[PDB]
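Enquirer: these chains are from a complex, not moved at all, and more is on the way:
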Amino acid sequence: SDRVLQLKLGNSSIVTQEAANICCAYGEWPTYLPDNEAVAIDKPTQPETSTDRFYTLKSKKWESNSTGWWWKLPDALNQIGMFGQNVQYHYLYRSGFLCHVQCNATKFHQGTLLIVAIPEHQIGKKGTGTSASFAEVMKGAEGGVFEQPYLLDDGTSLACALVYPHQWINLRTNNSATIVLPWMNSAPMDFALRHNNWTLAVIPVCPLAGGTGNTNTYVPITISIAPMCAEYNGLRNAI
Amino acid sequence: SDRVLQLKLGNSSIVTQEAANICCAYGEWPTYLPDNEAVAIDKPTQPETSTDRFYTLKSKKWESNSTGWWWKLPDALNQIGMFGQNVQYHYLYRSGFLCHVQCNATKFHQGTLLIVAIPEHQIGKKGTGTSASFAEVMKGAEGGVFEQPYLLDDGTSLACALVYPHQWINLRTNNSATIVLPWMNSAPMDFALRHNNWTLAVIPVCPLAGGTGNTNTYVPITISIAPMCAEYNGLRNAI
């Protein structure tokens, strides 16, 4: 055991060197749906290597005034590869997610990112009684931007956001974060185009900064999400 | 055992009543690739229910002057459903095919169709030295039309076409045909967009006819192909 880590799933393999540890959400590892908990009666398809692999999303630049970003799962991966194709051809789905956040900075840089996986994260907009629209909520892999990271865009507090599974990327000692998430639903399966179980939110708690030669350093943040134990039921045409 | 038959694969189930029997090509049943014969070292994906199911192709009308039709596999299914999607996202593939031909006619109608599965069927065009173009050979599910069913479009003879696995649809006693085809290649896997292992050809040996009240009867011929034991290797982007 050390600060080094290798995550090898399917054809994908991520090696990280300045890591901390692996955070398993609620101390659990994603698993396939057992018979006693199954509801659908037809066999689910279980494509292991084609879907249970790392998909790298498009990066965001960390700015000094960055508020934070959020990606809703499985919406971020609903448009990508075999996972997206199986989501489109199937009604019901079930999978856990292994999320890995990359952020590289020099030893002269300072900054802290909180990477929190919020389950069942209902976004509440502020100063309006109208609920959030489909365009604002379902954003795909392109992600979302926090209006009020202080309130988590929920009316809650960012201070109390540590009940949810979480990682810190502190530039002194970390450059990568890893969180493992099992199935999060009151039902064994659901509909992907209309519901999201997890929301991965990266919030800069401490702004990125440098001294006299490291200001305005273009530092990207990368998200890599790997589905695990993906099952699909209800084969039909694409929608 | 009787003339009735039910083929139930995945969500698909075909029941036939005036059948003859099931023809297994060369007395073999398609199976998954064993370790001693495997070449690729990464795990292949094996989506059972999503791909191993019946795909129904677009029907052709049986005319009095019909020469015949042919479908090349897996080209006919390369554009359809999870089989097509897995073909597009993967380099290597391997699957057998269960082909079922439907042709319904009254007891007053006469006519005979030979349904022959020709392996490695190289089409040879006539009266020209130029090889067949990509457009003429790769026709997809829309199928092809025989110029010379007498010669099988190969320079061979339709008379000697009974070495290949085959069925007869004779309107006196049959309306459906079933042929099971295992893997046909000198290699464990291949590239689907550039090579076809099987060619299913329906040739009317005896023209469709009726007496004084059954002439010009619109009688369609339907093709249903079910992949079996489909494996895919070499995951990548779609092409």
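Expert: Perfect, thanks for sending it. Numbering: from 1, shown residues only, chains lettered A, B, ... in the order given.

Enquirer: Relative to residue B:65, how far out is the residue sitting furthest away from the middle of chain A?
Expert: Within chain A, residue A:212 marks the point farthest from the mean C-alpha position, 34.4 Å out by C-alpha atoms, centre = their mean. Per C-beta to C-beta, to the nearest Å, residue A:212 is found 89 Å from residue B:65. C-beta here means a position set from N, CA and C on the backbone, and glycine is covered the same way.

Enquirer: before we move on, the earlier item: in what element of secondary structure is the residue farthest from the centre of chain A found?
Expert: Residue A:212 belongs to no helix or strand when assigned by DSSP states H and E.

Enquirer: For residue A:235, see how far away it is.
Expert: Residue A:212 sits 61 Å away from residue A:235, going by C-beta to C-beta.

Enquirer: hang on, residue A:205 in a strand?
Expert: Yes: counting by DSSP: H, G, I helix; E, B strand; the rest coil, residue A:205 is found in a strand.

Enquirer: May I have the beta-bridge partners of the most centrally placed residue in chain A?
Expert: Nearest to the mean C-alpha position of chain A, counting by C-alpha atoms, centre = their mean, stands residue A:200 at 3.7 Å. Counting by DSSP bridges, residue A:200 forms beta bridges with residue A:71, residue A:117.

Enquirer: what's the answer for residue A:145, then?
Expert: Bridge pairing for residue A:145 - DSSP bridges - gives residue A:69.

Enquirer: List the contacts of it.
Expert: A:67-70 (C-beta atoms under 8 Å, 6 or more residues apart in numbering or on different chains).

Enquirer: which parts of chain A sit against chain B?
Expert: A:10-11, A:42-50, A:53, A:81-82, A:85-86, A:89-90, A:232, A:235 (C-beta under 8 Å from any C-beta of the partner chain).

Enquirer: about what we covered before: list phi and psi for the residue farthest from the centre of chain A.
Expert: phi 70, psi -10 (degrees, to the nearest 10).

Enquirer: Could you list the buried residues of the helix or strand harbouring residue A:169?
Expert: Per DSSP H and E, residue A:169 falls inside strand A:166-170. Within strand A:166-170, the residues that count as buried by 16 or more other C-beta atoms under 10 Å in any protein chain shown are A:166-167, A:169-170.

Enquirer: here's chain C, drop it on:
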Amino acid sequence: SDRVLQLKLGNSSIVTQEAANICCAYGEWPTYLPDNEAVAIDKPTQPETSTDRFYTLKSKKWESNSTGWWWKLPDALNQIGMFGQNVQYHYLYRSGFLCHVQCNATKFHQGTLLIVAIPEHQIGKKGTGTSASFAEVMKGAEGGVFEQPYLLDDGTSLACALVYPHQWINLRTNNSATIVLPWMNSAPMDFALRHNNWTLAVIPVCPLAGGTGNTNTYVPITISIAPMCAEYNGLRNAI
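Expert: Okay, chain C now, added to the rest:
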């Protein structure tokens, strides 16, 4: 076991060739009244061969616009033979009924009859608050005609009429129907001139039809009812 059937009761014997099976109402076979369930204390008369035999009722023509027919038991047989005579000379009665419906048509004809045995079938007339008269309800062997077979003349639905014991005469595969009915009453016996336990209804679900040479084919429908395990109590003069 096959599609052939022979029903031999007393001097009567009906042979049918394009039959389906024998439908026993609620999975029971009519039997004589046991001592623990008997109410009347004098011995009942049990004339086996003279009453437990097939009585053939007068036939109806199946028309293209036929709505359906119904016969109420034991009213249909209350005027016929030893069964009718024993009904007239006795107060109490108890018997099951074996009903056989004949309908012969060529293989070029199409049409479907639903033969349903409705227990305790109260006829409800439509567009009036007055209850049905004695003449309209008690019709004897000459039978009745459905005003609204869609509603079963009850305010119910013909669609839901399959709870009752039933047969289909489909001209493709059937020409005869057989239903066996046990005793249907909250009491061991009853009065025949004032109450009917069963109503046999033949409703054409699909109209009789033929093509270009078989239109207007005079096709009769025949009803043969056989009492079984008939007991009579309370001997007196005829009424």
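
Enquirer: Next up, the contacts around the residue nearest to the centre of chain A.
Expert: Contact analysis of residue A:200 by C-beta under 8 Å, 6+ apart lists A:70-71, A:73, A:99, A:101, A:115-117, A:179, A:223, A:225.

Enquirer: And for residue A:225?
Expert: Counted by C-beta under 8 Å, 6+ apart, residue A:225 has contacts A:54-55, A:57, A:71, A:73, A:76-77, A:97-100, A:200.

Enquirer: Restricted to strands, list those.
Expert: Secondary structure assignment by DSSP state E places A:55, A:71, A:73, A:97-100, A:200 of those in strands.

Enquirer: Quick one: buried ones out of those?
Expert: When those are checked for burial by 16+ other C-beta under 10 Å, the buried set is A:55, A:71, A:73, A:97-100, A:200.

Enquirer: Neighbouring strands - and their directions - for the strand holding residue A:169?
Expert: Within its sheet, strand A:166-170 is paired with strand A:110-119 (antiparallel), according to DSSP bridges.

Enquirer: can you give me the angle the strand it pairs with makes with strand A:69-73?
Expert: Here strand A:110-119 points in a direction 30 degrees away from that of strand A:69-73 (axes from the mean of the first three to the mean of the last three C-alpha atoms, to 10 degrees).

Enquirer: how about strand A:110-119: buried residues?
Expert: A:110-119.

Enquirer: List the residues that contact residue A:7.
Expert: Each residue near residue A:7 by C-beta under 8 Å, 6+ apart is listed here: A:13-14, A:16, A:54, A:98, A:100, A:178, A:226.

Enquirer: in which helix or strand would I find it?
Expert: Using DSSP H and E, residue A:7 falls within strand A:5-9.

Enquirer: Who are the packing partners of whatever helix or strand comes next after that strand?
Expert: Next along the chain after strand A:5-9, taking DSSP H and E as the criterion, comes strand A:12-16. For strand A:12-16, the helices and strands in contact under the criterion 3 or more C-beta pairs under 8 Å, 6 or more residues apart in numbering or on different chains; DSSP states H and E are strand A:5-9.

Enquirer: okay, now chain D:
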Amino acid sequence: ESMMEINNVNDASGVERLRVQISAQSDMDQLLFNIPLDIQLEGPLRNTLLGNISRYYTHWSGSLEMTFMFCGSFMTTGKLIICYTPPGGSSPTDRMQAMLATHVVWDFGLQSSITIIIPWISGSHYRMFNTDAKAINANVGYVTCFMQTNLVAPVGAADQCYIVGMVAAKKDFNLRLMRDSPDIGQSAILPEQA
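Expert: Let me add chain D to what's already shown:
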């Protein structure tokens, strides 16, 4: 078993609504008829034993079965394909999209009826008989019938045949939260008069 009103159009009066037109086609791959699976709302499946009884309850679960009986002439031959499509998108109009969902190919012969199982494909354990049939908790799916090859009949036989559709539940069917059905109503105490 219980027949259902597939022909529930403003042209059929009575028994015509329990039976379905089937035609000898001059084209191929054409859709024959559709069946919504909204038991709660006004559809073919309401006036059925399954429908009427389950409409007393609020939650239902389990797979259903549909039996279609062919009522043509003995010399009439034909091939159909019956497809159940899980919800999520629009109703399939072409066989190209309908074949991808659950389906059974029915060939006419000695056995005059076919059975298709609509399996229990649902994320939740139960489904609601909700007035919003378009919601996730209420929508069940779609049923479509496509001609597979054609309907062929001789000159002596009637060219136009009929299908009778029936629906029932299987052994794994369950109901909960029984309620007053909206089937029958009342405006005043029923008198002994008209």
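
Enquirer: Please reconsider the contacts of residue A:200 now that chain D is part of the model.
Expert: Neighbours of residue A:200 in contact, by C-beta under 8 Å, 6+ apart: A:70-71, A:73, A:99, A:101, A:115-117, A:179, A:223, A:225.

Enquirer: Let me know the closest of these to residue C:194.
Expert: residue A:73 (74.2 Å; C-beta to C-beta).

Enquirer: picking up where we left off before, if I look at the residue nearest to the centre of chain A, how far off is chain B?
Expert: To chain B, residue A:200 is 24 Å away according to C-beta to the nearest C-beta, to the nearest Å.

Enquirer: hmm, stretch D:35-51 touching chain A?
Expert: No: contact between stretch D:35-51 and chain A is absent, the nearest approach being 13.8 Å (criterion: C-beta under 8 Å from any C-beta).

Enquirer: outside of that stretch, which residues touch it?
Expert: For stretch D:35-51, contacts defined as C-beta under 8 Å, 6+ apart pick out C:157, C:159-160, C:162-163, D:2-6, D:8, D:52, D:54-55, D:60, D:64, D:66, D:118, D:128-131, D:133, D:138-145, D:165, D:167-169.

Enquirer: Restricting the selection to alpha carbons, write it to CSV.
Expert: Taking Å, rounded to 0.1, in the frame of the first residue of the first chain, the C-alpha atoms of stretch D:35-51 are listed here in CSV:
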residue,chain,number,x,y,z
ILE,D,35,-52.9,-2.2,-28.9
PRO,D,36,-52.3,0.3,-26.1
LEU,D,37,-51.6,-1.2,-22.7
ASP,D,38,-53.3,1.5,-20.5
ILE,D,39,-55.7,-0.5,-18.4
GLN,D,40,-56.6,2.5,-16.3
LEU,D,41,-57.6,4.7,-19.3
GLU,D,42,-60.1,4.1,-22.1
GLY,D,43,-58.6,1.4,-24.2
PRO,D,44,-59.1,-2.2,-25.5
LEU,D,45,-57.9,-3.8,-22.3
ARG,D,46,-60.4,-2.1,-19.9
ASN,D,47,-63.4,-4.3,-20.8
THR,D,48,-61.6,-7.5,-19.9
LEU,D,49,-61.7,-9.8,-16.9
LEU,D,50,-58.1,-8.8,-16.3
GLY,D,51,-58.9,-5.2,-16.9
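
Enquirer: can you pull the contacts of residue A:105?
Expert: Taking C-beta under 8 Å, 6+ apart, we find residue A:105 in contact with A:111, A:171, A:175, A:208, A:217, A:219.
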